[PDB]
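Below is one structure, written out as structure tokens; the observations come after it.
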Amino acid sequence: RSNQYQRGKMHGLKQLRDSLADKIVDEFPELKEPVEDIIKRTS
Amino acid sequence: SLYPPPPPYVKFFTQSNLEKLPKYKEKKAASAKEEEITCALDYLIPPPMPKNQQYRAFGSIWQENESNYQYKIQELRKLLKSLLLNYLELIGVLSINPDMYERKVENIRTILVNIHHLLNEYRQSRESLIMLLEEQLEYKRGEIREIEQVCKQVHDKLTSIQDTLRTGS
Amino acid sequence: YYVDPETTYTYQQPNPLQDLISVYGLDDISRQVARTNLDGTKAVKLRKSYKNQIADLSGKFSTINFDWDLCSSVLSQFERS
Amino acid sequence: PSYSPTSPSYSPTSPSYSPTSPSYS
Amino acid sequence: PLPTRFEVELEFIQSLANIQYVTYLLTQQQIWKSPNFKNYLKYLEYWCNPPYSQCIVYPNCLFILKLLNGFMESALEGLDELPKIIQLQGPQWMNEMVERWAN
Amino acid sequence: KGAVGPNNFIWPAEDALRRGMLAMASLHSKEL
């Protein structure tokens with residue numbers, strides 16, 4: 001149960017930050033370049 | 001006790017001391033031509049302002065026509081953008097490797113703290129003076145304008161009545 | 001402001017996303033005491049304590065400086081009395 | 001019955017004389 | 001270090017704003033009976049002008065001492081009514097202080 | 001209301017006067 005919770009929360013967080021990066025790129029193109037680096041800083 | 005005792009010098013000054021104060025200060029000024037307490041009447045003499053123009057209390061210190069701001073604006077905008085970017089990066093840290101998340105958290109707070117510093121130089125009393133200025137100015141203009149409006153309408157009514165009575169003559 | 005290209009964070013090892021049981025070939029014991037078999041049926045009856053590990057031995061487990069020669073002689077004298 | 005009840009004679013304006021002294025620690 | 005007489009007199013003036021302090025001070029007979037205390041109260045009147053007024057922390061006592069000034073020709077009697085009267089007249093007295101300063 | 005925040009009251013704090021140096025000054029009035 002703990003492992004399933006960990007996997008589900010990891011998937012949720014991944015989709016969270018993917019959507020947030022996408023929208024930050026969308027409405028703020030000038031900050032698009034660091035955001036991808038942020039992914040490189042995280043992933 | 002709950003209430004601290006009155007100051008000690010308070011009890012030294014009777015009515016006789018008050019009435020003899022003028023001659024005492026005259027004698028003191030004649031002689032003069034931290035203050036030592038050589039006489040009981042010294043306290044009524046106004047205390048001198050400290051040369052440093054400073055006052056300490058409870059561990060804290062204390063001491064004209066109203067009687068590049070664009071740089072600060074753009075700094076605030078770039079700081080807000082960087083704060084949003086750092087919030088995104090920190091939540092990504094929480095997502096992937098939260099164990100070291102605090103390593104960024106306080107960092108973000110520093111920027112927020114810097115924002116508070118950016119408010120300190122922008123401090124607003126003059127702006128409050130301005131806003132009060134225009135509100136009473138417009139209020140008095142409204143009062144004035146309604147005054148001439150009402151007196152003019154009364155004068156117009158009087159002229160109309162004068163014409164009416166002249167026609168009835 | 002805080003974007004440092006020199007600061008790179010590596011993936012946490014081992015990755016929780018992957019099958020951590022099979023990372024080190026640790027599936028044998030897990031399969032041995034798995035809740036259900038591959039078909040989902042119950043393998044063995046399950047209980048709590050160590051009592052059934054001693055059932056094969058003879059007995060009825062219903063409820064669950066020093067001179068050895070001198071002590072043996074004392075016990076022998078006591079029993080012979 | 002009761003011929004007349006008593007008029008409310010409360011005196012909240014009374015300042016009271018509670019002695020206060022054990023405040024310092 | 002030993003505080004100067006400025007600090008102690010300013011702290012006395014700012015503490016005079018407390019209703020409990022005033023009630024306690026007026027409770028004792030010899031405080032009002034002794035002319036020394038009222039002489040000091042009238043001496044304190046000269047803080048209503050600048051730059052001394054810039055050093056105050058609570059302006060309410062500015063009226064209170066003045067109100068205490070009235071107490072020398074109004075009588076002790078009225079001590080009981082002091083909390084009720086200050087609570088009732090707080091609005092208009094605050095308004096007149098604002099008119100004296102904020103305008 | 002239930003959280004006693006320091007150095008921000010409408011009226012002067014009793015604890016502020018207790019912690020103020022005037023208390024020890026009155027205590028050390030003989031030294032004055």
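Each chain in the structure tokens gets a letter, A, B, ..., in the order shown, and its residues are numbered from 1; ligands are numbered from 1 in order too.
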_All residues 9 Å or closer to region 82-89 of chain E, only C-alpha atoms, same chain fewer than 5 positions away omitted, as a PyMOL selection string_ = (chain D and resi 13+15) or (chain E and resi 19-20+22-23+94)
Write a file of the just-selected residues containing C-alpha atoms, as a PDB file, in the first residue's frame.
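Saved file selection-v9.pdb follows:
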ATOM      1  CA  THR D  13     -20.380  52.688  39.345  1.00  0.00           C
ATOM      2  CA  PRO D  15     -15.106  51.394  42.003  1.00  0.00           C
TER       3      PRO D  15
ATOM      4  CA  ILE E  19      -7.070  53.960  33.463  1.00  0.00           C
ATOM      5  CA  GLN E  20      -5.891  51.408  36.037  1.00  0.00           C
ATOM      6  CA  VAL E  22      -5.019  56.645  37.319  1.00  0.00           C
ATOM      7  CA  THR E  23      -7.495  54.758  39.509  1.00  0.00           C
ATOM      8  CA  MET E  94     -10.265  60.701  20.053  1.00  0.00           C
TER       9      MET E  94
END
- Item | Neighbours of chain B in chain D at 7 Å, counting only C-alpha atoms, as number ranges by chain | D: 20-24
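Atom pair CA of residue 68 (chain E) / CA of residue 11 (chain B) has a distance of 17.9 Å (rounded to one decimal).
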Which residues of chain F sit at most 12 Å from chain D, using only C-alpha atoms? Give each one's shortest atom pair and distance in Å (one decimal place), in chain and ascending residue order, as JSON lines.
{"residue": "F:14", "atom": "CA", "partner": "D:23", "partner_atom": "CA", "distance": 10.2}
{"residue": "F:15", "atom": "CA", "partner": "D:24", "partner_atom": "CA", "distance": 9.9}
{"residue": "F:17", "atom": "CA", "partner": "D:24", "partner_atom": "CA", "distance": 11.4}
{"residue": "F:18", "atom": "CA", "partner": "D:24", "partner_atom": "CA", "distance": 8.0}
{"residue": "F:19", "atom": "CA", "partner": "D:24", "partner_atom": "CA", "distance": 10.4}
{"residue": "F:23", "atom": "CA", "partner": "D:24", "partner_atom": "CA", "distance": 10.5}
Include N, CA and C atoms and write out the residues we just selected as a PDB file, in the first residue's frame.
ATOM      1  N   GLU F  14       1.229  46.779  30.581  1.00  0.00           N
ATOM      2  CA  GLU F  14       1.717  46.653  31.952  1.00  0.00           C
ATOM      3  C   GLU F  14       3.049  45.909  31.986  1.00  0.00           C
ATOM      4  N   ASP F  15       3.167  44.841  31.193  1.00  0.00           N
ATOM      5  CA  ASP F  15       4.426  44.109  31.116  1.00  0.00           C
ATOM      6  C   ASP F  15       5.540  44.970  30.538  1.00  0.00           C
ATOM      7  N   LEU F  17       5.899  48.234  31.049  1.00  0.00           N
ATOM      8  CA  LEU F  17       6.364  49.055  32.160  1.00  0.00           C
ATOM      9  C   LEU F  17       7.145  48.228  33.174  1.00  0.00           C
ATOM     10  N   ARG F  18       6.720  46.983  33.409  1.00  0.00           N
ATOM     11  CA  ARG F  18       7.457  46.112  34.317  1.00  0.00           C
ATOM     12  C   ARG F  18       8.861  45.829  33.795  1.00  0.00           C
ATOM     13  N   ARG F  19       8.987  45.559  32.496  1.00  0.00           N
ATOM     14  CA  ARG F  19      10.288  45.328  31.884  1.00  0.00           C
ATOM     15  C   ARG F  19      11.041  46.619  31.587  1.00  0.00           C
ATOM     16  N   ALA F  23      11.406  50.711  36.287  1.00  0.00           N
ATOM     17  CA  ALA F  23      11.178  49.873  37.461  1.00  0.00           C
ATOM     18  C   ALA F  23      12.439  49.768  38.313  1.00  0.00           C
TER      19      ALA F  23
END
Report task. Up to 7 Å from chain B, what residues of chain A turn up? Count only C-alpha atoms and give them as an MDAnalysis selection string. Result -> chainID A and resid 10 13:14 17 38 42
Keeping only N, CA, C and O atoms, take the residues you just selected and write them out as a PDB file, in the first residue's frame.
ATOM      1  N   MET A  10       4.036   9.967  -7.117  1.00  0.00           N
ATOM      2  CA  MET A  10       5.058  10.318  -8.099  1.00  0.00           C
ATOM      3  C   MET A  10       4.436  10.649  -9.448  1.00  0.00           C
ATOM      4  O   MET A  10       4.810  11.644 -10.084  1.00  0.00           O
ATOM      5  N   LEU A  13       2.663  14.069  -9.090  1.00  0.00           N
ATOM      6  CA  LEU A  13       3.619  15.171  -9.092  1.00  0.00           C
ATOM      7  C   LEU A  13       4.213  15.384 -10.480  1.00  0.00           C
ATOM      8  O   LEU A  13       4.412  16.525 -10.911  1.00  0.00           O
ATOM      9  N   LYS A  14       4.503  14.295 -11.195  1.00  0.00           N
ATOM     10  CA  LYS A  14       5.038  14.425 -12.546  1.00  0.00           C
ATOM     11  C   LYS A  14       4.061  15.164 -13.450  1.00  0.00           C
ATOM     12  O   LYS A  14       4.448  16.091 -14.174  1.00  0.00           O
ATOM     13  N   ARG A  17       3.932  18.993 -12.459  1.00  0.00           N
ATOM     14  CA  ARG A  17       5.015  19.848 -12.921  1.00  0.00           C
ATOM     15  C   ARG A  17       5.072  19.906 -14.439  1.00  0.00           C
ATOM     16  O   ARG A  17       5.468  20.936 -14.992  1.00  0.00           O
ATOM     17  N   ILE A  38      15.036  23.837 -15.639  1.00  0.00           N
ATOM     18  CA  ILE A  38      14.478  23.358 -14.377  1.00  0.00           C
ATOM     19  C   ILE A  38      14.199  21.866 -14.460  1.00  0.00           C
ATOM     20  O   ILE A  38      14.538  21.104 -13.545  1.00  0.00           O
ATOM     21  N   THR A  42      15.789  18.978 -12.393  1.00  0.00           N
ATOM     22  CA  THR A  42      15.030  17.989 -11.637  1.00  0.00           C
ATOM     23  C   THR A  42      15.179  16.584 -12.206  1.00  0.00           C
ATOM     24  O   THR A  42      15.540  15.654 -11.479  1.00  0.00           O
TER      25      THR A  42
END
- Task: Counting only C-alpha atoms, figure out which residue out of E:91, E:17, E:36, E:25 gets nearest to chain B.
- Result: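 Closest to chain B, using only C-alpha atoms: E:36.
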Determine, for each residue of chain E having at least one atom at most 8 Å from an atom of chain D, the closest pair of atoms and their separation in Å to one decimal, counting only C-alpha atoms; order by chain and ascending number, as CSV.
residue,atom,partner,partner_atom,distance
E:79,CA,D:15,CA,7.6
E:80,CA,D:15,CA,4.7
E:81,CA,D:13,CA,6.1
E:84,CA,D:13,CA,7.5
Between CA of residue 27 (chain A) and CA of residue 39 (chain A), what is the distance, to one decimal in Å?
->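 Between CA of residue 27 (chain A) and CA of residue 39 (chain A) the gap works out to 17.9 Å.
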